[PDB]
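Read the single chain below, which is given as structure tokens and is the form solved without ethenylbenzene (SYN).
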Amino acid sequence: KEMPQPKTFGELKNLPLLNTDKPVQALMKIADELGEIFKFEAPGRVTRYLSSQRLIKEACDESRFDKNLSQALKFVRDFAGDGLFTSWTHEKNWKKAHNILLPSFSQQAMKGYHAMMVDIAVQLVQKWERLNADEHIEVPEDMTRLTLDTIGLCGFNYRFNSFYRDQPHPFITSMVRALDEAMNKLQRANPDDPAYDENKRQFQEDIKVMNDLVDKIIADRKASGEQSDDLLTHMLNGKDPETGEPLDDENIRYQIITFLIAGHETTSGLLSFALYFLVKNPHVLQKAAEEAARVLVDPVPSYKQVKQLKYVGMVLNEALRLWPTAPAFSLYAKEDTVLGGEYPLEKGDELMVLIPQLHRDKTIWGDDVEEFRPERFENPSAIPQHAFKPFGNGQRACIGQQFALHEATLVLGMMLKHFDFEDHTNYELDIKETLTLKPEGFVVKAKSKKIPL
């Protein structure tokens, strides 16, 4: 038996299949054709793409597999360094930072961020309240304004002031370019070829821009009168219980970059996909809006009120089921092992978890997997182990999950309280890929229900 494998291109093997602006969606189509596992080869390189809960539950066994840095993350690492997202589990700075930063996502920490999330959310609601009758909303663009500003303010007491800008913040444009450069480094035979000299200068330029802003954040804090108690406070002061050490300056810098990027992009995607699915499913929108009106009785939502937005949470999880905005993660075999009783693996062999395919596993979810039905999440405990993995796995799972979900629930709740939404262009879903996923060109009209803040 040979493991299923998609079409090859001679000595380039499968590599040309990733020569596309939508590689994840291409891989999903391949997964549909070949099933729960396929081999993917390139010159000097191999991985295996997993799509079924049957195989992914084994892959999520931390005694057998550990987080691997995919080739994309290896290039992200050139500017994210040994930050949490791009560090190996066995690097000293992973476990230190993990221990040091987990308290920044405690219950008491989340209550502490609430007021500043509301600040940015109110700015969003006011922007939309202030639009003229003709005008429309550019959804992913405004969601990115919100999520970037929220992480900036909550995490670093720094105001990006994205709602004061027509263009995206220069950080965003550099970040997008740097992440695209990482996605396109995958294809290049002979990386040191003189033809790619300008891309390396452009890459060093974009990194410079992100790093310049990290300096501005550091200096703002250094010469600050106020006494914060946020993510940066913990990076600067906090001590790891195990080693007894704090993070050094080089690592703190990497953590800031990491949190700025990981701390907004996927969350903007989530809010965009959620609103997309709501406007395409009006009965679901109505149910979510009824909850928002019932629960959000005060002009400013409370922490407790956001926690009571059960259905809005269900809407968000269902959006994550269909379009998990960080759609893959990578694993390597810790020792020789046999996957599924059928596929033998040697130490160091790599796996890719194709999350959107896991989330369409019919043996877990039933036959209607393409339908947007938030009621699937009525009781989240009903979902089998390792069936729903939009925040990854185990000790290497998303540290910011609860942050992302609180922000998204708050903002979507406020959006549904304050506005009726019109899919005025009958938008055809078009998913842009930049490692992460977004509905490009998604636009709506928002008719104010006229409720004061």
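When you see a residue number, it is the position in the sequence shown, counting from 1.
Form deposited with ethenylbenzene (SYN) bound: not shown, discussed below.
**Student:** Take ethenylbenzene (SYN) as it is posed in the entry with it bound, superpose the C-alphas around its site onto the chain shown here, and state whether the site is open or blocked, counting it as blocked when 3 or more ligand atoms lie within 2.4 Å of a backbone or C-beta atom.
**Tutor:** Open: no clash with the backbone or C-beta atoms.
**Student:** Only one of these stretches, 260-268, 192-200, 277-285, 222-230, has heavy atoms within 4.5 Å of ethenylbenzene (SYN) in the entry with it bound; which one is it?
**Tutor:** Flagged stretch: 260-268.
**Student:** Using heavy atoms and a 4.5 Å limit, would one call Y311 a contact residue for ethenylbenzene (SYN) in the entry with it bound?
**Tutor:** Answer no; every heavy atom of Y311 is more than 4.5 Å from ethenylbenzene (SYN) in the entry with it bound.
**Student:** Taking heavy atoms only, is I120 within 4.5 angstroms of ethenylbenzene (SYN) in the entry with it bound?
**Tutor:** No.
**Student:** Indicate whether ethenylbenzene (SYN) has at least one heavy atom within 4.5 Å of a heavy atom of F85 in the entry with it bound.
**Tutor:** Judged by the heavy-atom cut-off of 4.5 Å, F85 is in contact with ethenylbenzene (SYN) in the entry with it bound.
**Student:** Flag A80 as yes or no: does it have a non-hydrogen atom within 4.5 angstroms of any non-hydrogen atom of ethenylbenzene (SYN) in the entry with it bound?
**Tutor:** Yes.
**Student:** Name the single residue among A292, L247, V76, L339 that comes within 4.5 Å of ethenylbenzene (SYN) in the entry with it bound, judging by heavy atoms.
**Tutor:** By the 4.5 Å criterion, the partner-contacting residue is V76.
**Student:** Please identify the residue among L124, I137, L213, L179 with any heavy atom within 4.5 Å of ethenylbenzene (SYN) in the entry with it bound.
**Tutor:** Of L124, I137, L213, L179, the residue with a heavy atom within 4.5 Å of ethenylbenzene (SYN) in the entry with it bound is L179.
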